[PDB]
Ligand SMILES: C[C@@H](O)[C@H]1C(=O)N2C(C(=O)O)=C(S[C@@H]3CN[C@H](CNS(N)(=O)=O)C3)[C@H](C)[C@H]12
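Below sits a lone chain in C-alpha coordinates, taken as the form deposited without the ligand.
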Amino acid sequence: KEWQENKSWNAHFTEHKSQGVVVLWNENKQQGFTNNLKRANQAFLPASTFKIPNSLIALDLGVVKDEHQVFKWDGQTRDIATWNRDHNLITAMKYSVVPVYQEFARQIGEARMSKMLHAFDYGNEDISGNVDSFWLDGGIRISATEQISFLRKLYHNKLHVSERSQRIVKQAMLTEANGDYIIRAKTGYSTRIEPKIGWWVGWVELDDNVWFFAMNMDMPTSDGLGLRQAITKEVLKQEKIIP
(Lines give C-alpha, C1' and ligand atoms only; values in the text may rest on other atoms or scores of the structure.)
Protein backbone atom coordinates (compact mmCIF):
# COMPACT_ATOMS: atom_id res chain seq x y z
CA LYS A 1 0.00 0.00 0.00
CA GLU A 2 1.11 3.67 -0.58
CA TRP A 3 -0.38 4.83 2.80
CA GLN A 4 -0.49 2.38 5.76
CA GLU A 5 -2.42 3.01 9.04
CA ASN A 6 -0.65 1.48 12.12
CA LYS A 7 -3.05 1.88 15.11
CA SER A 8 -0.43 0.06 17.31
CA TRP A 9 1.33 3.53 17.49
CA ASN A 10 -1.74 4.83 19.45
CA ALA A 11 -0.23 3.08 22.55
CA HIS A 12 2.64 5.68 22.49
CA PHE A 13 -0.05 8.46 22.83
CA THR A 14 -2.44 6.66 25.28
CA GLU A 15 0.55 5.57 27.53
CA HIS A 16 0.98 9.37 28.20
CA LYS A 17 -2.81 10.15 28.37
CA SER A 18 -2.28 12.05 25.06
CA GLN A 19 -3.93 12.14 21.61
CA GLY A 20 -2.30 13.02 18.28
CA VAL A 21 -0.84 11.80 15.01
CA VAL A 22 2.62 10.81 13.78
CA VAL A 23 3.09 10.69 10.00
CA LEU A 24 6.21 9.03 8.53
CA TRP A 25 7.30 8.99 4.86
CA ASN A 26 9.91 6.48 3.62
CA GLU A 27 11.62 8.43 0.78
CA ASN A 28 13.33 5.41 -0.90
CA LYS A 29 10.06 3.30 -0.94
CA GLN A 30 7.70 6.31 -1.53
CA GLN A 31 5.53 4.81 1.31
CA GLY A 32 3.75 6.61 4.18
CA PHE A 33 2.67 5.39 7.62
CA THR A 34 0.44 6.96 10.29
CA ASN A 35 -1.54 5.98 13.46
CA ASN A 36 -4.56 8.10 12.29
CA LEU A 37 -5.19 8.72 8.52
CA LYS A 38 -7.97 11.32 9.24
CA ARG A 39 -5.90 13.38 11.73
CA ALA A 40 -2.82 13.04 9.38
CA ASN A 41 -4.91 15.13 6.91
CA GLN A 42 -6.40 17.58 9.46
CA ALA A 43 -5.11 21.19 8.98
CA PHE A 44 -4.00 23.21 12.05
CA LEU A 45 -2.26 26.56 12.67
CA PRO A 46 1.47 25.87 12.03
CA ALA A 47 2.63 28.15 14.90
CA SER A 48 6.49 28.05 15.16
CA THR A 49 6.80 25.42 12.39
CA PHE A 50 6.08 28.48 10.13
CA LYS A 51 9.67 29.65 10.95
CA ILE A 52 10.76 27.22 8.14
CA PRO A 53 8.92 28.99 5.25
CA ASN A 54 9.39 32.45 6.93
CA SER A 55 13.23 31.86 7.08
CA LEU A 56 13.22 30.70 3.43
CA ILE A 57 11.28 33.76 2.18
CA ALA A 58 13.35 36.19 4.33
CA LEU A 59 16.59 34.68 2.86
CA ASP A 60 15.39 34.60 -0.79
CA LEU A 61 14.27 38.30 -0.58
CA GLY A 62 17.54 39.42 1.14
CA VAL A 63 15.60 40.43 4.33
CA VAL A 64 18.14 38.03 5.93
CA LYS A 65 21.59 38.25 4.31
CA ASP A 66 22.98 34.99 5.82
CA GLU A 67 22.96 32.81 8.95
CA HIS A 68 25.55 35.19 10.64
CA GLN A 69 23.54 38.50 10.35
CA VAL A 70 22.77 39.75 13.91
CA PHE A 71 19.16 40.71 14.86
CA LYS A 72 19.48 43.21 17.78
CA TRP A 73 17.28 42.65 20.89
CA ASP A 74 14.39 45.26 20.79
CA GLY A 75 15.00 46.02 24.55
CA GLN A 76 11.44 44.73 25.44
CA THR A 77 12.13 42.00 28.10
CA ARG A 78 9.85 38.91 27.58
CA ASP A 79 8.75 35.67 29.36
CA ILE A 80 11.41 33.36 27.76
CA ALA A 81 14.92 34.48 28.93
CA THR A 82 16.76 33.25 25.72
CA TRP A 83 14.64 35.83 23.72
CA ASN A 84 16.14 38.85 25.67
CA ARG A 85 19.41 38.98 23.64
CA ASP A 86 20.83 39.34 20.10
CA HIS A 87 20.29 36.40 17.70
CA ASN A 88 21.27 35.17 14.25
CA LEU A 89 19.19 32.80 12.02
CA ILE A 90 20.70 29.71 13.79
CA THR A 91 19.91 30.81 17.40
CA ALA A 92 16.52 32.41 16.35
CA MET A 93 15.43 28.96 15.03
CA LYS A 94 16.94 27.00 17.95
CA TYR A 95 15.18 29.18 20.61
CA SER A 96 12.11 29.82 18.36
CA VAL A 97 12.51 33.62 18.89
CA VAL A 98 9.08 35.13 18.07
CA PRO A 99 10.04 38.85 17.89
CA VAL A 100 12.77 38.20 15.23
CA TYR A 101 10.28 36.34 12.94
CA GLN A 102 7.56 39.04 13.49
CA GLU A 103 10.11 41.58 12.08
CA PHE A 104 10.95 39.26 9.11
CA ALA A 105 7.19 38.99 8.35
CA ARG A 106 6.70 42.82 8.48
CA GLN A 107 9.72 43.33 6.12
CA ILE A 108 8.50 40.57 3.74
CA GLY A 109 5.04 42.21 3.88
CA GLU A 110 1.50 40.93 3.09
CA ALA A 111 1.76 40.69 -0.73
CA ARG A 112 5.16 38.90 -0.98
CA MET A 113 4.21 36.49 1.93
CA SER A 114 0.92 35.49 0.16
CA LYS A 115 2.63 35.01 -3.23
CA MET A 116 5.50 32.90 -1.68
CA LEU A 117 3.10 30.57 0.23
CA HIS A 118 1.22 30.01 -3.09
CA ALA A 119 4.59 29.30 -4.83
CA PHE A 120 5.36 26.78 -1.93
CA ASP A 121 1.86 25.13 -2.22
CA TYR A 122 1.95 25.68 1.61
CA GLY A 123 -1.15 24.39 3.44
CA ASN A 124 -4.34 26.36 2.62
CA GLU A 125 -2.04 29.29 1.49
CA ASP A 126 -4.30 31.74 3.45
CA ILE A 127 -2.38 34.50 5.33
CA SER A 128 -5.57 36.36 6.50
CA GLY A 129 -5.03 38.25 9.75
CA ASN A 130 -2.04 40.20 11.16
CA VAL A 131 1.04 39.98 8.82
CA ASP A 132 3.20 39.45 12.03
CA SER A 133 0.96 36.81 13.69
CA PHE A 134 -1.20 34.96 11.05
CA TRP A 135 0.70 31.61 11.67
CA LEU A 136 -0.35 31.79 15.37
CA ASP A 137 -3.84 33.36 15.19
CA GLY A 138 -4.77 34.01 11.51
CA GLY A 139 -6.27 31.90 8.68
CA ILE A 140 -3.24 29.71 7.65
CA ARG A 141 -3.83 25.93 8.18
CA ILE A 142 -1.56 23.00 7.29
CA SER A 143 -1.94 19.24 7.92
CA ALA A 144 0.85 16.77 8.92
CA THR A 145 0.78 15.31 5.33
CA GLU A 146 0.97 18.86 3.80
CA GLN A 147 3.98 19.57 6.14
CA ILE A 148 5.63 16.42 4.66
CA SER A 149 4.88 17.54 0.99
CA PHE A 150 6.55 20.93 1.77
CA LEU A 151 9.58 19.36 3.63
CA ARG A 152 10.23 16.85 0.78
CA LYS A 153 10.50 19.82 -1.65
CA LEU A 154 12.89 21.64 0.77
CA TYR A 155 14.97 18.45 1.23
CA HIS A 156 15.34 18.18 -2.61
CA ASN A 157 15.99 21.99 -3.20
CA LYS A 158 12.75 21.97 -5.32
CA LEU A 159 11.03 24.98 -3.62
CA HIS A 160 10.80 28.10 -5.93
CA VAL A 161 13.58 29.97 -4.00
CA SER A 162 17.39 29.81 -4.51
CA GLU A 163 19.29 26.58 -3.68
CA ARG A 164 21.35 28.76 -1.27
CA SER A 165 18.21 29.81 0.76
CA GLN A 166 17.16 26.12 0.98
CA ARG A 167 20.67 25.00 2.20
CA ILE A 168 20.83 27.83 4.82
CA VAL A 169 17.35 26.95 6.33
CA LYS A 170 18.21 23.17 6.38
CA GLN A 171 21.44 24.12 8.26
CA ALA A 172 19.30 26.21 10.70
CA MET A 173 16.87 23.24 11.14
CA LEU A 174 19.73 21.00 12.50
CA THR A 175 18.50 19.57 15.84
CA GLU A 176 20.58 16.44 16.52
CA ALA A 177 23.35 14.39 14.86
CA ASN A 178 25.38 11.32 15.83
CA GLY A 179 26.88 8.30 14.04
CA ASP A 180 23.36 6.76 13.62
CA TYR A 181 21.20 9.66 12.26
CA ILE A 182 20.76 13.40 11.62
CA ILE A 183 17.46 15.15 12.53
CA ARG A 184 16.56 18.47 10.88
CA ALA A 185 13.28 19.70 12.37
CA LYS A 186 11.23 22.45 14.01
CA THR A 187 8.89 22.40 17.03
CA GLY A 188 5.67 24.40 17.33
CA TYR A 189 3.08 25.06 20.04
CA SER A 190 -0.27 26.58 18.92
CA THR A 191 -1.44 28.38 22.12
CA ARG A 192 -3.81 31.27 21.02
CA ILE A 193 -6.61 29.46 19.04
CA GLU A 194 -8.30 26.14 20.11
CA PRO A 195 -7.40 23.40 19.82
CA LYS A 196 -4.02 23.92 21.61
CA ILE A 197 -1.57 21.52 19.89
CA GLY A 198 2.14 20.71 19.76
CA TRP A 199 4.01 20.08 16.48
CA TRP A 200 7.29 18.50 15.47
CA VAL A 201 8.05 18.37 11.75
CA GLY A 202 11.24 17.45 9.90
CA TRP A 203 13.23 14.45 8.80
CA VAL A 204 15.72 11.79 9.83
CA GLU A 205 18.72 11.40 7.50
CA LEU A 206 20.17 7.84 7.46
CA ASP A 207 23.22 6.63 5.43
CA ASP A 208 21.01 5.42 2.45
CA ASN A 209 17.51 6.82 3.14
CA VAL A 210 15.51 9.81 4.51
CA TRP A 211 12.40 9.43 6.76
CA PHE A 212 10.21 12.58 6.78
CA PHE A 213 7.98 13.09 9.82
CA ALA A 214 5.20 15.37 10.94
CA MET A 215 3.52 14.97 14.31
CA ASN A 216 0.92 16.93 16.21
CA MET A 217 -0.74 16.24 19.58
CA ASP A 218 -3.27 17.87 21.93
CA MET A 219 -1.31 20.19 24.31
CA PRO A 220 -3.79 21.59 26.91
CA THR A 221 -0.81 22.72 29.13
CA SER A 222 2.94 23.31 28.47
CA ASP A 223 3.48 20.27 30.79
CA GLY A 224 3.46 17.80 27.82
CA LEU A 225 5.81 19.74 25.45
CA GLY A 226 8.64 17.10 25.72
CA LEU A 227 6.25 14.41 24.39
CA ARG A 228 6.41 16.03 20.86
CA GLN A 229 9.99 14.66 20.43
CA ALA A 230 9.57 11.70 22.87
CA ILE A 231 6.46 10.15 21.15
CA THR A 232 8.07 10.73 17.72
CA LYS A 233 11.27 8.94 18.87
CA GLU A 234 9.20 6.04 20.41
CA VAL A 235 7.63 5.52 16.93
CA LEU A 236 11.01 5.89 15.10
CA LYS A 237 12.48 3.28 17.56
CA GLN A 238 9.44 0.93 17.10
CA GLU A 239 9.94 1.13 13.28
CA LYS A 240 13.79 0.46 13.65
CA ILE A 241 14.60 3.85 11.99
CA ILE A 242 16.76 4.88 15.04
CA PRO A 243 18.36 2.45 17.58
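Start at 1 with the first residue shown and count on from there.
A summary of the deposited B-factors shows that, of 50 to 58 and 214 to 222, the stretch with the larger mean C-alpha value is 214 to 222. As listed in the deposited structure, the average C-alpha B-factor of 77 to 85 and of 156 to 164 is greater for 77 to 85.
Among 92, 131, 173, 151, the highest C-alpha B-factor recorded in the PDB entry belongs to 131. When the CA B factors of the chain's modelled residues are split into thirds, the value for residue 192 lands in the highest one.
Ranked against the other modelled residues of its chain, the C-alpha B-factor of residue 186 as given in the entry falls in the lowest third. Among the modelled residues of its chain, residue 110 has a C-alpha B-factor that falls in the highest third according to the deposited record. In the PDB entry, residue 207 places in the middle third of its chain by CA B-factor. Annotation for residue 235: C-alpha temperature factor in the middle third relative to the rest of the modelled chain, per the entry.
One more form of this protein should be noted, the form solved in complex with the ligand, which is absent from this view; the next part is about it.
Only one of 65 to 73, 209 to 217, 35 to 43, 52 to 60 lies within 4.5 Å of the ligand in the deposited complex by heavy atoms, and it is 209 to 217. When contacts are judged by a 4.5 Å heavy atom cut-off, residue 240 counts as touching the ligand in the deposited complex. Contact residues in stretch 22 to 38 (any heavy atom within 4.5 Å of the ligand, taken in the deposited complex) are 26, 28, 29, 33.
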